[PDB]
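Structure, as structure tokens:
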Amino acid sequence: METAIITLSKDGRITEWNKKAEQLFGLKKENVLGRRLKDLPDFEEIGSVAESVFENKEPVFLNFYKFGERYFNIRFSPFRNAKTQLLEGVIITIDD
């Protein structure tokens, strides 16, 4: 698969969780939206890397991140709000 997207706010809260993420992880968007990613068993490490990426204001690409039975590419991208210019969170994109 490709393009499982989890977007986190600057407080670590899930603000986006697309249908690919639903299919990959078996959790519905409505069941995770608003929650801290790091509170989800199995996502603690990904949540920690996103925190580090946010603090350093630089994107990070990881390959061969093992999750379940497969290896994945994971990109972490900090972003700003265009209107306020504030750092507003991190987009996480997971691909086979």
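Ordering of the structure tokens sets the chain letters (A, B, ...); residue numbers start at 1 within each chain; ligands are numbered from 1 in the order shown.
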
Selection near region 6-21 of chain A, 9 Å with only C-alpha atoms, sequence-local residues under 4 positions removed, as number ranges by chain: A: 1-2, 25-30, 32-38, 47, 50-51, 54, 87-94

Residue with the minimum atom-to-atom distance to residue 3 (chain A), picked from A:43, A:75, A:69, A:57 with only C-alpha atoms counted, is A:75

Please provide as a CSV table (one decimal) with N, CA, C and O atoms, in the first residue's frame all residues within 9 Å of residue 74 (chain A), with the sequence filter that same-chain residues fewer than 3 positions apart are discarded (counting only C-alpha atoms).
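The resulting file, around_39.csv, is shown below:
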```
chain,number,residue,atom,x,y,z
A,60,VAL,N,12.2,14.3,8.5
A,60,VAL,CA,13.0,13.1,8.6
A,60,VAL,C,12.3,12.0,7.8
A,60,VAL,O,11.1,11.9,7.8
A,61,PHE,N,13.2,11.3,7.0
A,61,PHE,CA,12.7,10.2,6.3
A,61,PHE,C,13.4,8.9,6.9
A,61,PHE,O,14.6,8.9,7.0
A,62,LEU,N,12.5,8.0,7.3
A,62,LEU,CA,13.0,6.7,7.7
A,62,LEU,C,12.6,5.6,6.7
A,62,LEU,O,11.5,5.6,6.2
A,63,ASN,N,13.6,4.8,6.4
A,63,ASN,CA,13.2,3.6,5.6
A,63,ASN,C,13.4,2.3,6.5
A,63,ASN,O,14.0,2.4,7.5
A,64,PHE,N,12.9,1.2,6.0
A,64,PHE,CA,12.9,-0.1,6.7
A,64,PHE,C,12.5,0.1,8.2
A,64,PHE,O,13.2,-0.3,9.1
A,65,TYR,N,11.4,0.8,8.4
A,65,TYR,CA,10.8,0.8,9.7
A,65,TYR,C,9.8,-0.4,9.8
A,65,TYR,O,8.9,-0.4,9.0
A,92,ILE,N,2.7,12.7,9.0
A,92,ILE,CA,3.4,11.4,8.9
A,92,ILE,C,2.8,10.6,7.7
A,92,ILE,O,1.6,10.4,7.7
A,93,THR,N,3.7,10.2,6.8
A,93,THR,CA,3.2,9.5,5.6
A,93,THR,C,4.0,8.2,5.6
A,93,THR,O,5.2,8.1,5.6
A,94,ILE,N,3.2,7.1,5.5
A,94,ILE,CA,3.7,5.7,5.6
A,94,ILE,C,3.4,5.0,4.3
A,94,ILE,O,2.3,4.9,3.8
A,95,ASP,N,4.5,4.4,3.7
A,95,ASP,CA,4.4,3.8,2.4
A,95,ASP,C,5.1,2.4,2.5
A,95,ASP,O,6.1,2.3,3.1
A,96,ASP,N,4.6,1.4,1.7
A,96,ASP,CA,5.4,0.2,1.5
A,96,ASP,C,6.6,0.4,0.7
A,96,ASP,O,6.8,1.4,0.0
```

Taking the DSSP secondary structure from the backbone, can you list the residues of region 20-91 of chain A that are helix (DSSP H, G or I), as a list in words?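 In region 20-91 of chain A, DSSP puts these residues in helix (DSSP H, G or I): residues 20, 21, 22, 23, 24, 25, 29, 30, 31, 32, 37, 38, 39, 44, 45, 46, 47, 48, 49, 50, 51, 52, 53, 54, 55 and 56 of chain A.
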
Residue subset to file, keeping N, CA and C atoms, as a CSV table (one decimal), in the first residue's frame:
```
chain,number,residue,atom,x,y,z
A,20,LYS,N,-6.4,5.1,4.1
A,20,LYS,CA,-5.2,4.2,4.0
A,20,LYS,C,-4.7,3.8,5.4
A,21,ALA,N,-4.7,4.8,6.2
A,21,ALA,CA,-4.3,4.5,7.6
A,21,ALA,C,-5.3,3.6,8.3
A,22,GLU,N,-6.6,3.8,8.0
A,22,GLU,CA,-7.6,2.9,8.5
A,22,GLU,C,-7.4,1.5,8.1
A,23,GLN,N,-7.1,1.3,6.8
A,23,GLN,CA,-6.8,0.0,6.2
A,23,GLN,C,-5.5,-0.7,6.7
A,24,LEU,N,-4.5,0.1,6.9
A,24,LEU,CA,-3.2,-0.3,7.3
A,24,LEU,C,-3.2,-0.7,8.8
A,25,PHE,N,-3.9,0.1,9.6
A,25,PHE,CA,-3.8,-0.1,11.1
A,25,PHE,C,-5.0,-0.7,11.7
A,29,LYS,N,-10.9,6.5,11.7
A,29,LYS,CA,-10.6,7.8,12.0
A,29,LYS,C,-11.4,8.4,13.3
A,30,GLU,N,-12.7,8.1,13.4
A,30,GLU,CA,-13.5,8.6,14.4
A,30,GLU,C,-13.1,8.0,15.8
A,31,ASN,N,-12.4,6.9,15.8
A,31,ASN,CA,-11.9,6.3,17.0
A,31,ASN,C,-10.5,6.8,17.5
A,32,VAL,N,-9.8,7.6,16.6
A,32,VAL,CA,-8.5,8.1,17.0
A,32,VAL,C,-8.4,9.6,17.0
A,37,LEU,N,-1.3,10.6,19.6
A,37,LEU,CA,-0.7,9.4,19.0
A,37,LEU,C,0.1,8.5,19.9
A,38,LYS,N,0.8,9.1,20.8
A,38,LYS,CA,1.7,8.4,21.6
A,38,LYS,C,1.0,7.6,22.7
A,39,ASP,N,-0.3,7.8,22.8
A,39,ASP,CA,-1.2,7.0,23.7
A,39,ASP,C,-1.6,5.7,23.1
A,44,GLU,N,3.9,4.6,20.0
A,44,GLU,CA,4.7,5.3,21.0
A,44,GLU,C,6.0,5.8,20.4
A,45,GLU,N,6.7,4.9,19.7
A,45,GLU,CA,8.0,5.3,19.0
A,45,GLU,C,7.8,6.3,17.9
A,46,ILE,N,6.9,6.0,17.0
A,46,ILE,CA,6.5,7.0,15.9
A,46,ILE,C,6.2,8.3,16.5
A,47,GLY,N,5.4,8.3,17.6
A,47,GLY,CA,5.0,9.6,18.3
A,47,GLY,C,6.2,10.3,18.8
A,48,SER,N,7.2,9.6,19.4
A,48,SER,CA,8.4,10.2,19.9
A,48,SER,C,9.3,10.8,18.7
A,49,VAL,N,9.4,10.1,17.6
A,49,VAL,CA,10.1,10.6,16.5
A,49,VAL,C,9.5,11.9,16.0
A,50,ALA,N,8.1,11.9,15.9
A,50,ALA,CA,7.4,13.1,15.5
A,50,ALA,C,7.7,14.3,16.4
A,51,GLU,N,7.8,14.0,17.7
A,51,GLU,CA,8.1,15.1,18.7
A,51,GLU,C,9.5,15.7,18.4
A,52,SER,N,10.5,14.8,18.1
A,52,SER,CA,11.8,15.2,17.8
A,52,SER,C,11.9,16.0,16.5
A,53,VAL,N,11.2,15.6,15.5
A,53,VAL,CA,11.1,16.3,14.2
A,53,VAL,C,10.5,17.7,14.4
A,54,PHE,N,9.4,17.8,15.2
A,54,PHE,CA,8.8,19.1,15.5
A,54,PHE,C,9.8,20.0,16.1
A,55,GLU,N,10.4,19.6,17.2
A,55,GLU,CA,11.4,20.4,18.0
A,55,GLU,C,12.6,20.8,17.1
A,56,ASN,N,13.0,20.0,16.2
A,56,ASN,CA,14.1,20.4,15.3
A,56,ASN,C,13.7,21.1,14.0
```

In Å, how far is it from CA of residue 77 (chain A) to CA of residue 4 (chain A)?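 Straight-line distance from CA of residue 77 (chain A) to CA of residue 4 (chain A) works out to 13.8 Å.
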
From region 11-94 of chain A, collect each residue whose DSSP state is strand (DSSP E) and return the set as a ChimeraX atom specification. /A:14-17,60-67,70-80,87-94

Selection to disk with N, CA, C and O atoms, as a short mmCIF file (atom, residue, chain, number, x, y, z; two decimals), in the first residue's frame:
```cif
data_model
loop_
_atom_site.label_atom_id
_atom_site.label_comp_id
_atom_site.auth_asym_id
_atom_site.auth_seq_id
_atom_site.Cartn_x
_atom_site.Cartn_y
_atom_site.Cartn_z
N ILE A 14 -4.03 13.69 17.09
CA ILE A 14 -4.31 13.26 15.74
C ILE A 14 -5.38 14.17 15.15
O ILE A 14 -6.54 14.24 15.62
N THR A 15 -5.01 14.87 14.06
CA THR A 15 -5.96 15.76 13.40
C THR A 15 -6.36 15.25 12.04
O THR A 15 -7.37 15.71 11.49
N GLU A 16 -5.60 14.31 11.48
CA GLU A 16 -5.97 13.62 10.22
C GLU A 16 -5.60 12.14 10.32
O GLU A 16 -4.58 11.82 10.90
N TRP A 17 -6.43 11.28 9.73
CA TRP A 17 -6.19 9.84 9.73
C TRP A 17 -6.98 9.32 8.55
O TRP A 17 -8.19 9.18 8.62
N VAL A 60 12.20 14.34 8.46
CA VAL A 60 12.98 13.13 8.62
C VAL A 60 12.33 12.05 7.76
O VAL A 60 11.12 11.87 7.76
N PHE A 61 13.17 11.33 7.02
CA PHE A 61 12.72 10.17 6.28
C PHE A 61 13.36 8.93 6.88
O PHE A 61 14.60 8.85 7.01
N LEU A 62 12.53 7.97 7.26
CA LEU A 62 13.05 6.69 7.71
C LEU A 62 12.65 5.63 6.69
O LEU A 62 11.52 5.62 6.19
N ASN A 63 13.58 4.75 6.35
CA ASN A 63 13.19 3.56 5.63
C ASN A 63 13.41 2.31 6.47
O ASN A 63 14.03 2.37 7.54
N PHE A 64 12.85 1.20 6.00
CA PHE A 64 12.94 -0.06 6.73
C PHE A 64 12.52 0.12 8.19
O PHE A 64 13.22 -0.34 9.10
N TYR A 65 11.40 0.81 8.42
CA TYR A 65 10.76 0.81 9.74
C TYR A 65 9.82 -0.37 9.79
O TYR A 65 8.85 -0.43 9.04
N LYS A 66 10.09 -1.34 10.66
CA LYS A 66 9.27 -2.54 10.68
C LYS A 66 8.01 -2.33 11.52
O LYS A 66 8.09 -1.87 12.67
N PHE A 67 6.87 -2.68 10.94
CA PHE A 67 5.59 -2.61 11.62
C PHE A 67 4.81 -3.83 11.18
O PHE A 67 4.57 -4.04 9.99
N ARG A 70 5.85 -6.29 7.87
CA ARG A 70 6.50 -5.62 6.73
C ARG A 70 7.40 -4.45 7.12
O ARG A 70 7.34 -3.94 8.24
N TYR A 71 8.24 -4.04 6.16
CA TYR A 71 9.04 -2.83 6.29
C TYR A 71 8.38 -1.71 5.49
O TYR A 71 7.89 -1.91 4.37
N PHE A 72 8.43 -0.53 6.09
CA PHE A 72 7.83 0.68 5.55
C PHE A 72 8.80 1.85 5.49
O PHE A 72 9.71 1.96 6.34
N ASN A 73 8.56 2.74 4.51
CA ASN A 73 9.10 4.10 4.51
C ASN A 73 8.18 4.95 5.40
O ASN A 73 6.96 4.88 5.31
N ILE A 74 8.76 5.79 6.24
CA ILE A 74 7.96 6.75 7.00
C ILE A 74 8.58 8.14 6.87
O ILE A 74 9.77 8.33 7.13
N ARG A 75 7.78 9.12 6.44
CA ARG A 75 8.28 10.50 6.37
C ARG A 75 7.55 11.30 7.43
O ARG A 75 6.35 11.13 7.64
N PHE A 76 8.30 12.17 8.09
CA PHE A 76 7.77 13.10 9.08
C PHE A 76 8.05 14.51 8.60
O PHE A 76 9.22 14.90 8.43
N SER A 77 6.99 15.28 8.41
CA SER A 77 7.13 16.63 7.86
C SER A 77 6.48 17.68 8.76
O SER A 77 5.27 17.77 8.81
N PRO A 78 7.30 18.53 9.41
CA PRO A 78 6.72 19.64 10.20
C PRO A 78 6.05 20.62 9.25
O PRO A 78 6.49 20.78 8.10
N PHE A 79 4.97 21.27 9.68
CA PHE A 79 4.36 22.29 8.82
C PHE A 79 3.93 23.50 9.64
O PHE A 79 3.77 23.38 10.85
N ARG A 80 3.81 24.63 8.95
CA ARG A 80 3.33 25.88 9.55
C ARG A 80 1.95 26.23 9.02
O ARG A 80 1.60 25.87 7.90
N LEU A 87 4.47 27.07 13.71
CA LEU A 87 4.63 25.63 13.57
C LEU A 87 3.42 24.95 14.16
O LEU A 87 3.17 25.11 15.36
N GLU A 88 2.67 24.21 13.35
CA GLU A 88 1.36 23.69 13.76
C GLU A 88 1.28 22.16 13.90
O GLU A 88 0.27 21.64 14.38
N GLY A 89 2.33 21.44 13.54
CA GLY A 89 2.30 19.99 13.76
C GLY A 89 3.20 19.28 12.79
O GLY A 89 4.13 19.86 12.25
N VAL A 90 2.94 17.98 12.62
CA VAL A 90 3.80 17.10 11.81
C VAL A 90 2.88 16.15 11.02
O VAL A 90 1.99 15.52 11.61
N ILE A 91 3.11 16.05 9.72
CA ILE A 91 2.43 15.09 8.84
C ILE A 91 3.32 13.85 8.74
O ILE A 91 4.53 13.92 8.49
N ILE A 92 2.71 12.69 9.01
CA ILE A 92 3.39 11.41 8.92
C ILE A 92 2.80 10.62 7.75
O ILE A 92 1.59 10.41 7.67
N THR A 93 3.66 10.21 6.82
CA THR A 93 3.23 9.49 5.62
C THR A 93 3.96 8.16 5.61
O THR A 93 5.19 8.14 5.65
N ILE A 94 3.18 7.08 5.50
CA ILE A 94 3.70 5.70 5.60
C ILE A 94 3.43 4.99 4.29
O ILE A 94 2.28 4.94 3.81
#
```
